[PDB]
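Colleague: Provided herewith is a single structure, encoded as structure tokens, for subsequent inquiry.
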Amino acid sequence: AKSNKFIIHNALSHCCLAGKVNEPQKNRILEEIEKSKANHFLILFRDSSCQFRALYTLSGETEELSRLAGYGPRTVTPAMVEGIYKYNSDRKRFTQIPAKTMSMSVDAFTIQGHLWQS
Amino acid sequence: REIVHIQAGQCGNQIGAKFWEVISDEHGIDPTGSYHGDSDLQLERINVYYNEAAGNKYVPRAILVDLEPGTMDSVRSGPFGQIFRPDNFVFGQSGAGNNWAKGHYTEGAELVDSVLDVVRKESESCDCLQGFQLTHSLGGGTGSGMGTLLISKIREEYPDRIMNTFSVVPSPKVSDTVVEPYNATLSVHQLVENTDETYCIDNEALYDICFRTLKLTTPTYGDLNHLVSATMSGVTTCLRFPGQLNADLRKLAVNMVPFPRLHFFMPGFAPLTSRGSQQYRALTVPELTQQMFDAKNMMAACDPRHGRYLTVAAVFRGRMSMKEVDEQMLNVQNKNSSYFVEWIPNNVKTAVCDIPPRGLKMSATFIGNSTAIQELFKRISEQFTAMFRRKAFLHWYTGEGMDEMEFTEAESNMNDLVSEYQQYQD
Amino acid sequence: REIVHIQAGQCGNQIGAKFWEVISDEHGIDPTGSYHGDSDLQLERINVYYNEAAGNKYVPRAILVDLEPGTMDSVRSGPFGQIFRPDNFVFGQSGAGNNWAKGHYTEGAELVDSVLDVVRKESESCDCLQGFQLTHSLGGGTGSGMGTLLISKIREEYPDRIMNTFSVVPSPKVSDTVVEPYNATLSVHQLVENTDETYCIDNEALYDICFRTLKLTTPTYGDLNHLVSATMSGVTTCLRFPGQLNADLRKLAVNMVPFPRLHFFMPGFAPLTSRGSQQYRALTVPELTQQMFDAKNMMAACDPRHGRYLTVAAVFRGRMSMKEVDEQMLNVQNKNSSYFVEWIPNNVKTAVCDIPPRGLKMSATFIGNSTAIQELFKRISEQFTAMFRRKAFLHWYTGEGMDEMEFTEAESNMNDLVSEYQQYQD
Amino acid sequence: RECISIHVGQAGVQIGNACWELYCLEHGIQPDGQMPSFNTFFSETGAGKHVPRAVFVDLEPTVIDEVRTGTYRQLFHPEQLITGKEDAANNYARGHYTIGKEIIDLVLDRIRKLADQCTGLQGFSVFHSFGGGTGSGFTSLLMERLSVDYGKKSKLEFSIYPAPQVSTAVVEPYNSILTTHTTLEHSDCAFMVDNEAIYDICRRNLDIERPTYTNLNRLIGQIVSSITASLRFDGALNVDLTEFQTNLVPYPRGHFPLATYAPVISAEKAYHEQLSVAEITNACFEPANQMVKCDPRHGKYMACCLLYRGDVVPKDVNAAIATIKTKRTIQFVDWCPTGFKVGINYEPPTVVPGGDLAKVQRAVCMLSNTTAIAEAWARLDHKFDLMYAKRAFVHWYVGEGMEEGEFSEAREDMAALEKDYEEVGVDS
Amino acid sequence: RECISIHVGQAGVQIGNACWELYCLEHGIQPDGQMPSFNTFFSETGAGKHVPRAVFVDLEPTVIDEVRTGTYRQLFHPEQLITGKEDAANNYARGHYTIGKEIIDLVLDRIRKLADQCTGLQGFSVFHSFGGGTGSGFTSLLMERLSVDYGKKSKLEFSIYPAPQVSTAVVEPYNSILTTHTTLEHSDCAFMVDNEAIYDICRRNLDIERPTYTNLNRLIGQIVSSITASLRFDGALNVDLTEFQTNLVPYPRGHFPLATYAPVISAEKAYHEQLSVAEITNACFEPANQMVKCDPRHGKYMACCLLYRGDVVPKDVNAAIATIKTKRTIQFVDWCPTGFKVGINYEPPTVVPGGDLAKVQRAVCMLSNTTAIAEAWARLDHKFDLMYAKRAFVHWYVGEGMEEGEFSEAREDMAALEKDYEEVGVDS
Ligand SMILES: CC(=O)O[C@H]1C(=O)[C@@]2(C)[C@H]([C@H](OC(=O)c3ccccc3)[C@]3(O)C[C@H](OC(=O)[C@H](O)[C@@H](NC(=O)c4ccccc4)c4ccccc4)C(C)=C1C3(C)C)[C@]1(OC(C)=O)CO[C@@H]1C[C@@H]2O
Ligand SMILES: Nc1nc2c(ncn2[C@@H]2O[C@H](COP(=O)(O)OP(=O)(O)OP(=O)(O)O)[C@@H](O)[C@H]2O)c(=O)[nH]1
Ligand SMILES: Nc1nc2c(ncn2[C@@H]2O[C@H](COP(=O)(O)OP(=O)(O)OP(=O)(O)O)[C@@H](O)[C@H]2O)c(=O)[nH]1
Ligand SMILES: Nc1nc2c(ncn2[C@@H]2O[C@H](COP(=O)(O)OP(=O)(O)O)[C@@H](O)[C@H]2O)c(=O)[nH]1
Ligand SMILES: Nc1nc2c(ncn2[C@@H]2O[C@H](COP(=O)(O)OP(=O)(O)O)[C@@H](O)[C@H]2O)c(=O)[nH]1
Ligand SMILES: [Mg+2]
Ligand SMILES: [Mg+2]
């Protein structure tokens, strides 16, 4: 089916999720995505500096984002979504996307900022 | 939209040694990398192939891979290695000695980790990648075995780019080792799963082209590969140089591949003639398409009249009129529609480059897909069956730590592959 | 805004022998001290380094410290000691013989009182001080031990100036004495409390830079230090020569030091290439910042990918555009932000000097702070643990009158130093 | 009083290389913008320089590289020179969905720039193909967005239909199934251009045995220049495009007109030539001059819109209309009694310096609606269903985000298209 | 009828290298003081030589060494060449308290020299940054003292705000928290300049991929020259700075306006250019032309002050204001009904010999108040609180005599700053 499953897993091993530091953290993230029957995978960041906070999945029907691992909200609406990102395999980084609908090509995103627990 | 040509083995390093020899001569460039051509066509599309240094110096974006320096030494000690940087000069010691399990599994894996870093060195210098090119043989231990570990990791790295390798099918007349069909079987077992497309190259077929059609007396490896590199350069420069039918190779890979495992191509070159027939033959497009359809102009020893054409690519070079192009393309389709698959009305993709090559005013390049490629694969399979029984010199690979059911599964993939051509043959 | 470079020991005198060798060549000055350059940049900022005498003679504001004349004799008998006045030639007899308690505690304290007077001789001649520079090794008896008494008294004199020393970290491969970890432990026990900042220098790491990256055959002491002196001159001349980002070293010390005891720096130099790749490589900022991030260009044997970057300084040389500077700086921060600390959004300080170095049109210099510097410190501690048990050759220092719990407290400071990195690593 | 031409894909920009060259031929326009006295296709600067109101779109730089380094680049601004960096790989799912979405936000913003510069926008015309990657997918992406923003504007397409015997790519029928229903959803009028019938015209009506894509669009764009710029130019009977759109399309979904033009005379044929108005309209009814490989004899004429240039006498046109009613083999419908709409330009047609048609005193463009067009669509449906039964090439759109049922649904949309002209053909 | 420009820090003097260069461009002023016929920025000597009324302040002599050995030094007097000898070490406590106290008494006396030379002082403008050492701390020291002496004069700052993605020093958010509340305490008006948004303007509106701090301030100072010298220059609608100070500031603490300017046209772009009054103001509303990395769409417009040069027709401006009301996506507040103040200069704008903008017939500066500015302050606050949680870098100020509770209090002043534009955004 249509999934960015290998693309997020390729963005996993490069720069985003682990060097040697978060190597116990990534082994949970591999264990989450293999059991996940959801197709579209979404990466939540804190800022545009590519600081990982949560890994989400798109249902497609209700257009919400559910948490499998990480620190963040339980559900995320597209109103909560401020900006969306795209990972380039060749450039090995996340590139910003202009304003559009939530599509399968969206590999990563960010939120408004007020939604964090103060 | 740039290409990296990772060359491997004794063969594919020497094969690609003739290639960039053409490419620098294609664009009129000094052996040190200085441009001396007079065309903006030779000036604008340098980016796809070369990295410009300070003071008009062009770095060939191509990697020489071997576990022995000696092939790269002869490139370096010879001409046109002076354009190459020592970062392209990566080797270990010693060689695998044409051994797959030494190259792919034990010894070459350490050097590839240094090679793939240099790939990461070049790809970060690359602004926009289009795909990666490879060149080796099927019976090459350091050529294919290292390359099978290359493409498996590059596909893990870059699932999006054009993955093509240029592999040489082992000739029944040309043999140096007996475990050469072991290496070709273990290649295709991973090359199907890891590559997007490839070509089939038979030196025995290239022997006939030089001798029966070109009337050449002493074919050397470079003279054979000069025939190859002209067909190599005929494909991708059409993506680079302008044309009316600007056909991407990725456009080609959609149009040539109906099943994602059936991606094997039959190359051909249309303006093949001897030196005496230069005064005996005029240059027309129906002269070329006749020599496109010729079984004696195929670079792989397979019968195009026995099997049936899956897909056909018509790579064209020159200032041709489309009416001469389209009708003569249709005339071949009117002639040998029985040699086609039934369920496609146009089994021929036309690809016209307006920019002519040097010397000849017009040129063309045949790329075909047929079900008769399995004929060379049955040469591989049946020779594998006898050798799997007696297991002669298998202790070379057994001490490396390989399993026989892995080899049977590799045979099973070859058992799958021959059956898949019979699906679309009839 | 002037600098005094007090050089100490067999090493740091010879290390600094290459330094002012660069500096007079940096400004085109005769070996007797006569100016022959053609730039006001080489003419206005003489004050920071040199003392102008009558008749165009420039006295190097630098002090050679040893308990043996022999190193300074070769400086004096060789070239470029002729610019040095004999007031900079201060020594006693005999040497400590690489002994800390002989150097720091008993024998060297008498000569330091003559040396600090020459400091008081020069500082009264100085109009405006900015900071005092030192250079030695950690395992140097006369280099470090005397210098630990120097900085302790200068901090009593001048608490306000920039107190930096350039100390050589002992190599696990390069050993001459066994009590070299005794010397480095007793150094950092006072170097933390007395200095403002320092660098970490490993000749074993400098072996690889000449060999793996520069492909040099025979690295001598001067050839290794010629690499060091270019990095030494790259730092402070940016304070001297004009730039868009005129960053003081005292501005640097504020930005690089979040915790006052954590002031250890990882130097790096970006334009490192062999002579063959001179014709093969273009000089760009993304070429340099790639070589800034390179672990193989680090002057200390530490893994920057293992630890996390506390603070990063980007010393730049040449006529660069800020958009090329700022975005490529951000691109590295976009690349390996996982190798940073979390609580700071910009862990990289940019420092651009507009004035280019000679020969090369652009240059760059990496100065980093990581948590993986403690890897060399665990080489110090664990070697100290075995030697504190068996107390081999400790009767040399015991007859000098030292206590073992003082060594344990010096170990405890090293026990603190590793733990303070681990508090801010994760 | 202004409109904008749109050139999407490798094909349409190469068409626009000829069109704005022909649009320079309209007034003797210099390559910088200098022309003595007209602002419909143009924006005029204060220095007396006129720039086109055009749209140049490609995901490949190379066609744009031919434009921005070729002639008339001092007429062209990089606001119009909109290029992509990654190819659509001849795909609908990359043109419409995957690759084309990264540029359309820049493109529609450039549209809102030029449309704000226009005063009295009449609409637009898009030049592309049916089976391409950029000119099919991204055009389906473009026409969807423009219909949202500008609903009450003219939505024209002059599109290239691939030959059933000549196709340069195999997925060209495989693309145009998904293209067509989305085109029918949004477009106000869509033409079909078959190069194969144009090949027959060049080898016979011009006797050119060596044509190129340059020389084909010389024939095509000369018609379109008489289609577009002439209807704003002053004549004896001034009708615009919008009065055709009600008259030529009486249908909710019927807007596939046949554009024909048959003064097609070689330079040597002009000496053995004396053609009246009626003699050209007889050549307009030739099956060899239909620009589409189709037979008008088996199709039922719904409409006939006549567009004229040059030497026109309307009383002789009234005889020529009676000549059409006299020579009847046309099978005209009973739904309209006698609707033969006439458009007349007093201005003479233009001749390319370097073209292959001689100077004529009159030029006749004929727009018609017939039911034999669906036979060419019947050529298309047989190509797709064999590929849909074998499921060949499906791994490039289920490689790029498409569904199997969407293909059959668009085939049923293609079937409903054949149901549309069936209801025209059956009922009278 | 006079005022004095003030350049504090490494940045503002480098801006002043561009400013008084542009001020020589105002009348063709020679480097000695020779100009044919204006005394507002100048003091005229007996030999007909005009010297700037400028303030040059840096604790580092090197930038001063660039000035006094560079061009225009015969214009420059050592009265204005005020340098320090010891660096501020990029510090607030050394800028405001420690190092700055040794120089400020010499500085304020030079202020009392030049202000006594002035006849009808209007005020001053200070050029600096938010996160520097000299341009933040000593500016906080300077504006505090000038408010004591000259309370009823103009207290302007055109300040540089560091990018959230580009910062040359880590302590730049750590400095600007203490800078801002002291700036809010004293200043009459303060701008924010983000080099990051200027980088987008250079690469797109001028297509310059190699800009320098010189070339940035060429853009910045050309705006400020239209801001400052043009409002005293005679035009069709002569308004000074002080009438904006009442009109653009309806608040006790609201004086953070957005300065925008978008005729930004490269020399090659100008050949295909015809931009009216309305078409430039449309480009004034572009998010790519805001000079600050911010989104105007999420902010509520409080004010819109329009400053004009060159070819201006006020009846067309009246249409252009109606065009703004027509194109409304602006979310304008209900606290003012239609307050859109216009300033018109008849005089044409100036072009730098060596600059990268071509000769235009009109230039449009726009001053605006919006509520999305606090989002950039929200970028600043997250930087400081993480450093305040770790308590990093605090020893460089506690050793210089600062208090931790002062830091959180200025953060609460920064929090109350976000409360200020919240109360604008909430209530209507
Ligand atoms: C023909 C020519 O010009 O060749 C170059 C050259 O090709 C290379 C190999 C040079 C050369 O350096 C070395 O070979 C070297 C070997 C061991 C240790 C140190 C240096 C060069 O000596 C170094 C020299 O660099 C400078 O002059 C800088 O200004 C440098 N000064 C010195 O290193 C120096 C040399 C002699 C005496 C005193 C000083 C510098 C850099 C920063 C701040 C201050 C000074 C240059 C351009 C060259 C040569 C001659 C080969 C390199 O070094 C520098 C510092 O530029 C080595 O990595 C670079 C790459 C250069 O391409
Ligand atoms: N008459 C004419 N037909 C053309 C021309 N160029 C291309 N075509 C036709 O256009 C079709 C091929 O479409 P392309 O233009 O290559 O595809 P595209 O829409 O541009 O998009 P991509 O495939 O992504 O490049 C074929 O039917 C060609 O005959 C031209 O200049 N004139
Ligand atoms: N636009 C622009 N910004 C500049 C220029 N020079 C420096 N800056 C900015 O100024 C900030 C750095 O401040 P500094 O000028 O070094 O500090 P300072 O206020 O002069 O005081 P010190 O730190 O004590 O030297 C950064 O945001 C730079 O981008 C310039 O010429 N133009
Ligand atoms: N065309 C061609 N084939 C070659 C050449 N050298 C070797 N081969 C073929 O390649 C195979 C041997 O591969 P080789 O490169 O020597 O193996 P490796 O270097 O150990 O990987 C055999 O099938 C040879 O016939 C050459 O220069 N040209
Ligand atoms: N790079 C470098 N290191 C040196 C040199 N001479 C000695 N060393 C290092 O410095 C240490 C020995 O210090 P030394 O200067 O002899 O001690 P001293 O008694 O204080 O002079 C060891 O770690 C050596 O590797 C030199 O010329 N260059
Ligand atoms: Mg195309
Ligand atoms: Mg400064």
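Identifiers in this document derive from the order of the structure tokens: chains are assigned A, B, ..., residues are numbered from 1 separately in each chain, and ligands are numbered from 1 in order of occurrence.
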Quick one: residues within 6 Å of ligand 2, with only C-alpha atoms and all ligand atoms, as a list in words?
Modeller: residues 9, 10, 11, 14, 15, 87, 88, 89, 90, 129, 132, 133, 134, 135, 136, 162, 167, 168, 195, 213, 216 and 217 of chain D
Colleague: Using only C-alpha atoms and all ligand atoms, what are the residues with an atom within 8 Å of ligand 4, set out as an NGL selection string?
Modeller: :B and (8-15 or 66 or 95-99 or 136-145 or 168-171 or 174-176 or 180 or 201-203 or 221-222 or 224-225)
Colleague: Using backbone DSSP assignments, extract all strand (DSSP E) residues from range 69-142 of chain B; output them as an NGL selection string.
Modeller: :B and (89-90 or 129-135)
Colleague: Might you pull out every residue within 10 Å of residue 1 in chain D, with only C-alpha atoms counted and same-chain residues fewer than 3 positions away left off, and present them as JSON, numbers by chain?
Modeller: {"D": [39, 40, 41, 118, 119, 120, 121, 122, 123, 232]}
Colleague: Store the residues of this selection in a file with N, CA and C atoms, as an mmCIF file, in the first residue's frame.
Modeller:
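Output below, filename part.cif:
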data_model
loop_
_atom_site.group_PDB
_atom_site.id
_atom_site.type_symbol
_atom_site.label_atom_id
_atom_site.label_comp_id
_atom_site.auth_asym_id
_atom_site.auth_seq_id
_atom_site.Cartn_x
_atom_site.Cartn_y
_atom_site.Cartn_z
ATOM 1 N N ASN D 39 -3.163 46.403 -27.284
ATOM 2 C CA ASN D 39 -2.746 45.712 -26.063
ATOM 3 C C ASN D 39 -3.827 44.710 -25.660
ATOM 4 N N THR D 40 -3.740 43.503 -26.202
ATOM 5 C CA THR D 40 -4.566 42.396 -25.737
ATOM 6 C C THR D 40 -3.735 41.228 -25.253
ATOM 7 N N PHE D 41 -2.754 40.817 -26.046
ATOM 8 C CA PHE D 41 -1.784 39.816 -25.645
ATOM 9 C C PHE D 41 -0.603 40.425 -24.914
ATOM 10 N N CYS D 118 -4.064 42.632 -15.931
ATOM 11 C CA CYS D 118 -5.051 42.694 -16.994
ATOM 12 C C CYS D 118 -6.260 43.510 -16.560
ATOM 13 N N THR D 119 -6.841 44.214 -17.529
ATOM 14 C CA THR D 119 -8.040 45.023 -17.323
ATOM 15 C C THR D 119 -9.104 44.487 -18.275
ATOM 16 N N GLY D 120 -10.084 43.770 -17.732
ATOM 17 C CA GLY D 120 -11.099 43.166 -18.570
ATOM 18 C C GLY D 120 -10.647 41.832 -19.121
ATOM 19 N N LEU D 121 -10.331 40.898 -18.226
ATOM 20 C CA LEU D 121 -9.846 39.587 -18.634
ATOM 21 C C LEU D 121 -10.951 38.806 -19.328
ATOM 22 N N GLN D 122 -10.662 38.330 -20.536
ATOM 23 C CA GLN D 122 -11.638 37.534 -21.263
ATOM 24 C C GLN D 122 -11.501 36.056 -20.928
ATOM 25 N N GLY D 123 -10.295 35.612 -20.638
ATOM 26 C CA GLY D 123 -10.047 34.229 -20.299
ATOM 27 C C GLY D 123 -8.617 33.848 -20.641
ATOM 28 N N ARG D 232 -10.212 39.668 -32.217
ATOM 29 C CA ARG D 232 -10.181 40.984 -31.601
ATOM 30 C C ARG D 232 -9.856 42.057 -32.631
#
Colleague: Taking only C-alpha atoms into account, what are the residues of chain C at most 7 Å from chain A, put as JSON, numbers by chain?
Modeller: {"C": [306, 334, 335, 336, 338]}
Colleague: Give me the residues near residue 62 in chain D as a compact mmCIF listing (two decimals) with C-alpha atoms, in the first residue's frame, where near means some atom within 9 Å (using only C-alpha atoms) and where sequence neighbours in that chain fewer than 3 positions away do not count.
Modeller:
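Okay, this is what ended up in part_25.txt:
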# COMPACT_ATOMS: atom_id res chain seq x y z
CA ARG B 240 21.62 15.90 -21.65
CA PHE B 241 21.66 17.36 -25.15
CA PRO B 242 18.45 18.93 -26.50
CA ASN B 246 13.52 14.79 -24.91
CA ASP D 58 7.95 22.90 -17.93
CA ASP D 65 16.86 26.69 -21.82
CA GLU D 66 16.00 26.81 -25.52
CA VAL D 67 13.66 29.74 -24.88
Colleague: I'd like the contact shell of range 184-197 of chain C - 6 Å cut-off, only C-alpha atoms, skipping same-chain residues fewer than 3 positions apart - returned as a list in words.
Modeller: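 Counting only the stated atoms, we get residues 138, 139, 152, 163, 164, 181, 263 and 410 of chain C.
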Colleague: Show me, as a list in words, every residue of chain B with an atom at most 10 Å from chain C, counting only C-alpha atoms.
Modeller: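 Filtering chain B at 10 Å from chain C with only C-alpha atoms gives residues 32, 33, 51, 52, 53, 54, 55, 56, 57, 58, 59, 82, 83, 84, 85, 86, 87, 121, 124 and 125 of chain B.
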Colleague: Which residue gives the smallest distance to chain A among D:392, D:352, D:402, D:64, with only C-alpha atoms counted?
Modeller: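 Distance minimum relative to chain A lands on D:402.
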Colleague: Could you pull the residues within 12 Å of residue 386 in chain D, counting only C-alpha atoms, minus those fewer than 3 positions along the same chain, as a VMD selection string?
Modeller: (chain B and resid 341 to 345) or (chain D and resid 173 to 174 379 to 383 389 to 393)
Colleague: Distance cut-off 12 Å, counting only C-alpha atoms - which residues of chain A neighbour chain D? Return them as a VMD selection string.
Modeller: chain A and resid 1 to 4 86 95 to 101 103 to 106
Colleague: For residue 314 in chain B, find every residue with an atom within 9 Å (counting only C-alpha atoms), except residues of its own chain fewer than 5 positions away, and show them as a ChimeraX atom specification.
Modeller: /B:289,292,329,348-352,364-368
Colleague: I need the residues of range 117-237 of chain C that end up classed as alpha helix (DSSP H) by DSSP on the backbone, written out as a PyMOL selection string.
Modeller: chain C and resi 117-125+146-157+180-194+203-208+221-237
Colleague: Using only C-alpha atoms and all ligand atoms, which residues of chain C come within 7 Å of ligand 1, and what is the closest atom pair for each, with the distance in Å to one decimal? Give it as CSV, sorted by chain and residue number.
Modeller:
residue,atom,partner,partner_atom_place_in_ligand_line,distance
C:21,CA,ligand 1,38 (C),6.0
C:22,CA,ligand 1,38 (C),3.7
C:23,CA,ligand 1,38 (C),6.9
C:25,CA,ligand 1,38 (C),5.0
C:26,CA,ligand 1,45 (C),6.1
C:214,CA,ligand 1,58 (O),7.0
C:223,CA,ligand 1,17 (C),4.8
C:224,CA,ligand 1,18 (C),5.9
C:225,CA,ligand 1,18 (C),6.9
C:226,CA,ligand 1,18 (C),4.3
C:227,CA,ligand 1,19 (C),4.0
C:230,CA,ligand 1,42 (C),4.8
C:231,CA,ligand 1,42 (C),6.7
C:233,CA,ligand 1,43 (C),5.1
C:234,CA,ligand 1,43 (C),4.6
C:271,CA,ligand 1,59 (C),5.6
C:272,CA,ligand 1,58 (O),3.9
C:273,CA,ligand 1,60 (C),4.8
C:274,CA,ligand 1,9 (C),5.7
C:275,CA,ligand 1,9 (C),5.2
C:278,CA,ligand 1,62 (O),5.6
C:357,CA,ligand 1,29 (O),4.3
C:358,CA,ligand 1,29 (O),3.7
C:359,CA,ligand 1,47 (C),3.8
C:360,CA,ligand 1,47 (C),4.8
C:363,CA,ligand 1,42 (C),7.0
Colleague: Up to 9 Å from chain E, what residues of chain C turn up? Count only C-alpha atoms and give them as a PyMOL selection string.
Modeller: chain C and resi 1+128+130+240-260+320-324+326-327+329-330+343-351
Colleague: Using only C-alpha atoms, pick whichever of D:251, D:23, D:191, D:42 has the shortest atom-to-atom distance to chain E.
Modeller: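 Counting only C-alpha atoms, the residue closest to chain E is D:42.
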